[PDB]
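Residue numbers (the UniProt record's numbering), protein chains in the order written: chain C, 252 to 333; chain D, 252 to 330; chain P, 124 to 306, 313 to 369; chain A, 153 to 368; chain L, 217 to 269, 275 to 321; chain Y, 120 to 123, 136 to 238; chain W, 3 to 165, 192 to 309, 315 to 341, 374 to 451; chain S, 306 to 311, 319 to 394; chain V, 103 to 153.
Cβ atoms here follow ideal geometry from the backbone N, Cα and C, with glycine treated the same way.
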Amino acid sequence: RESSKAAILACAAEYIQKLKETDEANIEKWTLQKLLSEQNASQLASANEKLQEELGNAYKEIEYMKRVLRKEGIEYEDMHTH
Amino acid sequence: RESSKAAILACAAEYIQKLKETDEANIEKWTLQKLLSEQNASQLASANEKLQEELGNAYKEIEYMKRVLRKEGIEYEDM
Amino acid sequence: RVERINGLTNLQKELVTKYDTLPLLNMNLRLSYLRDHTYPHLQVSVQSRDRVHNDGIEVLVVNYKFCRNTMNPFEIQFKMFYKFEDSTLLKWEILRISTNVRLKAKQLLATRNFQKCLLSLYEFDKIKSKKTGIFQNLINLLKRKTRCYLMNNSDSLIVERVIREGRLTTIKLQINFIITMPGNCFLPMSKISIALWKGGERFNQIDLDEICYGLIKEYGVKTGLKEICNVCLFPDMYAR
Amino acid sequence: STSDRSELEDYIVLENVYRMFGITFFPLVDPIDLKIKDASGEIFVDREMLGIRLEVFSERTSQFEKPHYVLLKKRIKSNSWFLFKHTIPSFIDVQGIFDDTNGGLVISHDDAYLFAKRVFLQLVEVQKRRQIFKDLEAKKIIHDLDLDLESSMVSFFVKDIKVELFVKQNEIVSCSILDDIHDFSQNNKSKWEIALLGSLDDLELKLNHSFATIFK
Amino acid sequence: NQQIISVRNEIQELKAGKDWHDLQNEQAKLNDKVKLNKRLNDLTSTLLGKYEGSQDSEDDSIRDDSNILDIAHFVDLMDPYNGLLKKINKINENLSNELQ
Amino acid sequence: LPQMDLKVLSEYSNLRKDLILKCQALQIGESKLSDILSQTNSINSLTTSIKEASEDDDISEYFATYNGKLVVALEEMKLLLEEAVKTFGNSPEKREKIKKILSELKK
Amino acid sequence: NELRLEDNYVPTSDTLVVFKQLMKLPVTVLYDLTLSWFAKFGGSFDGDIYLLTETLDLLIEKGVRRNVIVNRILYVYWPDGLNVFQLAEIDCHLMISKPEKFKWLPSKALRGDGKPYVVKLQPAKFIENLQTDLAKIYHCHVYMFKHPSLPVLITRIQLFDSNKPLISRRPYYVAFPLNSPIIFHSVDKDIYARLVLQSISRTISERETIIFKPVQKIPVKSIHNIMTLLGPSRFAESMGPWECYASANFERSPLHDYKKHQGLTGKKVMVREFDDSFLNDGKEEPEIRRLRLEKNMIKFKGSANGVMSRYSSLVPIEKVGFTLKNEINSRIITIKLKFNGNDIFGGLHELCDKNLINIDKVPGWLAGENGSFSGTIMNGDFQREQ
Amino acid sequence: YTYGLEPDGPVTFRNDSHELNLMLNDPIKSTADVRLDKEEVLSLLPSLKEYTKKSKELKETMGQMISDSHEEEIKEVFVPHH
Amino acid sequence: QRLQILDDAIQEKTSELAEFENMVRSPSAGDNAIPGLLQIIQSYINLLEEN
């Protein structure tokens, strides 16, 4: 707020210009966020699928151990039951 | 462009108000889209960490399977 | 009219006749403000108030109790002599000090200033409570996922995870919080450090210090510790 | 009766014990914000206000110094306090600390305590340096000295030479010797100020050690 | 003289500009971020076992954190007041009082 | 200071190298000295605690027979617990001992 | 560049103007300056110090009129002219004698974006750098003197022109408090005002850019009063009704006795009517009259006794203009108030004593709070004028 | 946080640092592409090597007494943690 | 000069650390007795759990 007329006019012009550049910065930042969100989503999906296939391989190894022990014929116990 | 100064000032005021309103609307819609994206990321990460916990349990199981055969002492042939 | 008010008067009657900027006279309200808000979990008790009529010296015994930790609180008793009409402190001494805090309190009580000792003790208790809360949060987050055990008497935390890329490899990460009592400044202080072992081989200390300092500075301590516990413990998932 | 005098005295004793800590919150209301809704003749405050007391103990004087008051008022359109009035001198920027604390937007008494603590440490720093300088003056290792309101600038004579010090905080960050005895070498000038650089607490021992070798 | 004063005022205003300070701070922050990202990538590569930069063995003795931990633990164990033997003793008299 | 006939160029470059290296050595000197001061406070507090609690101004025999004090206390505690268990289940005594151990772990 | 002036240059100042400067100074101070003047630069008197101090003592013995001794020091001791150092001495002594005749304006020093910069002025280093920065353009001569009863360091700067003797211009005074970002300087709008003030900012910084921002636009006299108003003191930011907090006399030390604590004694108060009975109007009781008169003093002086006839405030101010903006029915209502006088807040106090103004409904800013600052008020918050 | 549409991290860190009186090992300032060497720094201050040797001896010394005390066994048998 | 003064200050501190180290050293062989007592305490804890 200014009491002088010319000061009011100059401040109005500066405010209008600042609003314009603020809008430009806002749209640029919106584009950047739009890129970042999809990048993160794709990375997380790839991580999830890789970790799931690792789990599948672990289950296959567990089955291999299990029927190797069954071939050996020794009695078996499960720690989720103990 | 206008001739009378009063029209110039009124148009400047309307321009300022329109710019502020447009900025507010854009912020609101972008915030809504941000919320949707965050929800999607969280809901996928929950399943990711759950299956990671399952994987850790499976690793504990396979570690116990490995240490069973050394207690008994039968030789093991790797794949 | 003309009304007479004092400390014991009702709050409403004092508000009716309030036309100055002086602090309120309601002593109950002042005590509540000093107890519930300024210094929570501090049970103070003025044990007695004795006098020596020959020299005008007042004897006061004050007992302090810190109740931030429900189990094992540490209490300290203070005795001080000050002149009656002149606000000068003659001498003060510690009548008794709790054993569980005596070592960390000796060097602080060596300095001849009661105010510094009280402030340092209160801040030390607050920092200990904060550290315990952080440890509880981290344990609850990392429990039932990796095998973790706590030692150094609640000073360091060790987390162990078995990561397999076709063979058994264990990654060991140590996080420790150190609280050192001054005895520069007069307030208790804390320090952060990390140490990572990957299957028996120790990582370079400079780069780990840099990563810890970074993540903590740009993410805070609460989220920074969680981020640190992610990257070393689960490097495979972040790589994809 | 006289009993209410007794528990009023007890409450005052407890309040003084609390004031021994040095940081306290006290209630405050301004007469202009008091209004009556006229529903039942009830008086309610419009804008809440909180006051903070800061007292610093001086070991040299064995007396409590004059308290400093800072007051916080609540905005109408927001739930955040703003710095209404204060008595802290100008050389301490209370407004800068208020904006620094939580990036502004103080909402809880825990956040308000942190702001009051930060401004409290600098007050003790001012007193400690003045106390050390006055202790040196009493010990008479140095001559008459001049001190500003923050005890940063100082100038005194050790034996006959003008030595002045600049301190940003407890550590001495600058030294100078501003006298020309007609037996002095420039090499000796540098090796003395560098030695004198250090903390404020070891100045007493160092002044005796450095200036006893010159007259031996 | 008028232009001398004007140009000197312009010097002062340009050198004391807020945008200049903001740009300096932004440059410093971005350099710090770049360095942190590079070090994070190096650490992740080292942990995964591929593209090693060094980081597999300790080479610095200028900073060892474990000294303070070891001495603090020793102080805690050797406490005349809160030591292990003092705790065991207090257990002894507690049991004696419980069963007298 | 920015780095910059080869006479002064080379000597100035290496001297600037040497001086920036020296000052970074000085600030790591702050690191070393601060760590040493804090650790000295720790060790001095321990030794003065034991020295005031010794009452005879030497602790060599204290360190020597610390372990012996341990074992004797433990195995007499063994007979104490054996008698208590024989006398009764001592649920309250067991709870008190567990709470005391928890307090010891806390501090 | 030997454009600087030594302490022996003799400008061709008029005899009449320097005659009027010695007019205002008392007799007892003229004797002191003359003795010190001869000990530094001598004079045309054909005698030693003892001979000079003998005859000068005799002028006191006879009760000699000051016009004789003023003519003696202007036409006998120094007929040729007056030294620049002598002119500086008479100017500073007139400054001390009549501190109400000089006006001052506040200015703030800023470093970086918005961090205030506290000034630490070295009496020596601040001189030569200013001389170097000023003599490259114009002839420069400076003089520094410390206030006898105030911590400020008043500096006077005079600039000379060639149009051959040099022609003196109007001196520029800049007052430096010990440790405060606020710097008080005199009022001037000439070629020399923007050349002296700008040179000071570059000189005092010496490591980083420092800019000066005018805090106020209305000058205030009485350099003693401006220090309490804006300098480093407890009374700043706690004026008006809150002056009781500046001098913590209402609260005792925690170590002090607790019977004298005002909790036991309490305070004597009167009930204020929240219903509007001021518009319509019975003779008041003298006790009620005393309490009614006490309410007015509490809200303008801060205490029943008064921090400081009785209507004079702590710091008198000349012109303050407020602007009140409020939102009613989704539109802004603006009221502008302009005050003019000798003591604005003292004048409002008297009108409240004559029952012309209700004392309950006056706001804080009208009562003296954040005085000497005029600006817009919204939502109960005061904003200073940009 | 920095370049997106919506600084919470740095603010929280500053709050925590002022709350807990935290220290962090500040890295050596930007040397403008100058590598921090080690062996000549150690040679410049041989007291560093002396302190390193003394601290190594101290750490080796405490370990034997810690093992002899068998304090960890008593703590484990008294209170288990998981 | 500054580095030299820092160096001998650190040297004095290292001398103090060495004088402290020269006192704690002592031979001990009670580890077996401590382990036996720990086994007895484990049996005692089992008995208490039974009780």
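D/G307 versus A/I249 - alpha carbon distance: Counted from its first residue, the second sequence places residue 307 of chain D at position 56. Counted from its first residue, the fourth sequence places residue 249 of chain A at position 97. If you take the alpha carbons of D/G307 and A/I249, they lie about 48 angstroms apart.
Within chain S, the residues that V/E123 reaches when beta carbons sit closer than 7 angstroms: Within the ninth sequence, the letter at position 21 stands for residue 123 of chain V. Those are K366, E369, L370 and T373, listed as they occur along chain S.
Whole-angstrom C-beta distance between V/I112 and Y/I167, which should lie under 8 angstroms: As a working mapping, residue 167 of chain Y is identified with position 36 in the sixth sequence. As a working mapping, residue 112 of chain V is identified with position 10 in the ninth sequence. Indeed, because the Cβ distance is near 7 angstroms, the residues count as touching under 8 angstroms.
Identity of the residues DSSP links to A/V222 by a beta bridge: On the fourth sequence, residue 222 of chain A is found 70 positions in, with the first residue counted as 1. Note: A/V222 sits in a beta bridge opposite A/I204 and A/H238.
Partners in chain L for S/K350, counting only beta-carbon separations shorter than 8 angstroms: Translated into the one-based positions of the eighth sequence, residue 350 of chain S becomes position 38. Neighbours of S/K350 on chain L, chain order: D280, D281 and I283.
Backbone CA spacing between A/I324 and A/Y265 [nearest angstrom]: The residue labelled residue 324 of chain A in the question sits at position 172 within the fourth sequence. The residue labelled residue 265 of chain A in the question sits at position 113 within the fourth sequence. About 30 angstroms.
Touching by the beta-carbon criterion (3+ pairs, under 8 angstroms), the segment 204-211 of chain P and the segment 213-223 of chain A: yes
For A/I244 and A/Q283, believed in contact at Cβ under 8 angstroms, the rounded distance: Here residue 283 of chain A corresponds to residue number 131 of the fourth sequence, with the count starting at 1. Here residue 244 of chain A corresponds to residue number 92 of the fourth sequence, with the count starting at 1. The pair is not a contact, with the Cβ atoms about 18 angstroms apart (cut-off 8 angstroms).
Proximal residues to W/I409 (C-beta, below 6 angstroms), its chain only, five neighbours per side dropped: Looking up residue 409 of chain W in the seventh sequence gives position 344. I382 and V385, listed in sequence order.
Nearest neighbour of P/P305, chosen from P/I220, P/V175, P/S221 and P/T234 [CA to CA]: Residue 305 of chain P sits at position 182 when you count from the first residue of the third sequence. The shortest C-alpha separation from P/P305 is found at P/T234.
Proximal residues, the segment 269-300 of chain C versus chain S, C-beta separation under 8 angstroms: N277, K280, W281, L283, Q284 and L287
Bounding residues of the beta strand (DSSP E) (the contiguous stretch that carries A/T176): Taking the fourth sequence and counting its residues from 1, the one referred to as residue 176 of chain A is at position 24. Residues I175 to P179.
Inter-stretch contact at 8 angstroms, needing at least 3 Cβ pairs: the segment 70-81 of chain W / the segment 128-141 of chain W: no
Of the listed residues P/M194, P/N223 and P/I217, nearest to P/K202 (C-alpha basis): As a working mapping, residue 202 of chain P is identified with position 79 in the third sequence. Ranking P/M194, P/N223 and P/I217 by Cα distance to P/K202 puts P/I217 first.
Alpha-carbon spacing of W/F240 relative to C/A263, whole angstroms: In the seventh sequence, residue 240 of chain W corresponds to position 212, counting from 1. In the first sequence, residue 263 of chain C corresponds to position 12, counting from 1. Take the alpha-carbon of W/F240 and the one of C/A263: they are about 25 angstroms apart.
Residues bridged to P/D173 [DSSP beta-bridge criterion]: Within the third sequence, residue 173 of chain P is the residue found at index 50, counting from 1. DSSP, once it has assigned bridges, lists P/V182 as partnering P/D173.
Buried or exposed (CB count within 10 angstroms, at least 16 for buried), P/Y272: As a working mapping, residue 272 of chain P is identified with position 149 in the third sequence. Looking at its Cβ environment, which holds fewer than 16 other Cβ atoms inside 10 Å, P/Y272 is exposed.
Beta strand (DSSP E) segment containing P/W326, residue limits: One-based indexing of the third sequence puts residue 326 of chain P at position 197. Counting along the chain, the beta strand (DSSP E) containing P/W326 begins and ends at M318 to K327.
Spatial distance of S/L354 from P/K295 (CA atoms): Along the eighth sequence, read from residue 1 onward, the residue named residue 354 of chain S stands at position 42. Along the third sequence, read from residue 1 onward, the residue named residue 295 of chain P stands at position 172. Taking the straight line from one Cα to the other gives about 30 angstroms.
C-alpha distance - A/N231 paired with A/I259, whole-angstrom precision: Sequence index remark: in the fourth sequence, residue 231 of chain A carries index 79 (1-based). Sequence index remark: in the fourth sequence, residue 259 of chain A carries index 107 (1-based). Looking at the two C-alpha atoms, the distance is approximately 6 angstroms.
Every unbroken beta strand (DSSP E) inside the segment 223-295 of chain W [3 residues or more]: 238-242
Proximity test, Cβ basis, 8 angstroms: P/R287 and chain D: Residue 287 of chain P sits at position 164 when you count from the first residue of the third sequence. Yes, P/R287 counts as interfacial toward chain D.
Beta-bridge pairing of P/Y205 - partner residues as DSSP gives them: Taking the third sequence and counting its residues from 1, the one referred to as residue 205 of chain P is at position 82. Partner(s): P/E181 and P/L212.
Residue-chain proximity (P/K268, chain D), Cβ-Cβ < 8 angstroms: As a position in the third sequence, residue 268 of chain P is number 145, starting the count at 1. Output row for P/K268: interface = yes.
Residue closest to L/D281, alpha-carbon to alpha-carbon, out of P/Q297, P/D338, P/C361 and P/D365: As a position in the fifth sequence, residue 281 of chain L is number 60, starting the count at 1. Here the closest residue by C-alpha is P/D338.
Buried/exposed call for P/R124, threshold 16 Cβ in 10 Å: Counting from one through the third sequence, the residue named residue 124 of chain P turns up at place 1. With fewer than 16 Cβ atoms within 10 Å of its Cβ, P/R124 is classed as exposed.
Contacts around V/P137, its chain only, beta-carbon distance under 6 angstroms, and the 5 residues preceding and following it disregarded: The count along the ninth sequence starts at 1 and reaches residue 137 of chain V at position 35. None.
Residues near W/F447 in its chain [Cβ-Cβ closer than 7 angstroms; skip 5 each side]: The residue given as residue 447 of chain W occupies position 382 in the seventh sequence. So the qualifying residues of the chain are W430, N435 and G440.
Chain B within 8 angstroms of L/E319, Cβ atoms only: Any reference to chain B falls outside this structure, whose protein chains are C, D, P, A, L, Y, W, S and V.
Per-residue DSSP class, three states only, for A/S328: Counted from its first residue, the fourth sequence places residue 328 of chain A at position 176. Strand.
Sub-8 angstroms separation of A/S304 and A/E316 beta-carbons: Mapped onto the fourth sequence, residue 304 of chain A falls at position 152. Mapped onto the fourth sequence, residue 316 of chain A falls at position 164. The answer is no: Cβ separation not under 8 angstroms.
Best match in W/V248, W/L402, W/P205 and W/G116 for proximity to W/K105 [C-alpha to C-alpha]: For the purposes of this step, residue 105 of chain W is identified with residue 103 of the seventh sequence, where counting begins at 1. Looking at the Cα atoms, W/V248 is the closest of the given residues.
Interface partners of L/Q219 on chain W, CB under 9 angstroms: If you number the fifth sequence from 1, residue 219 of chain L lands on position 3. Neighbours of L/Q219 on chain W: none; closest Cβ ~12 angstroms, over 9 angstroms.
Interface flag, C/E253 vs chain W, CB-CB below 8 angstroms: Residue mapping note: residue 253 of chain C aligns to position 2 of the first sequence, counting from 1. C/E253 counts as touching chain W.
Classification of Y/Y143 by the beta-carbon crowding that lies within 10 angstroms, buried from 16 upward: Position 12 of the sixth sequence holds residue 143 of chain Y. Answer is exposed; the Cβ neighbour count stays below 16.
Chain L contacts from the segment 351-362 of chain S (Cβ-Cβ distance under 9 angstroms): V353, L354, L360 and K361
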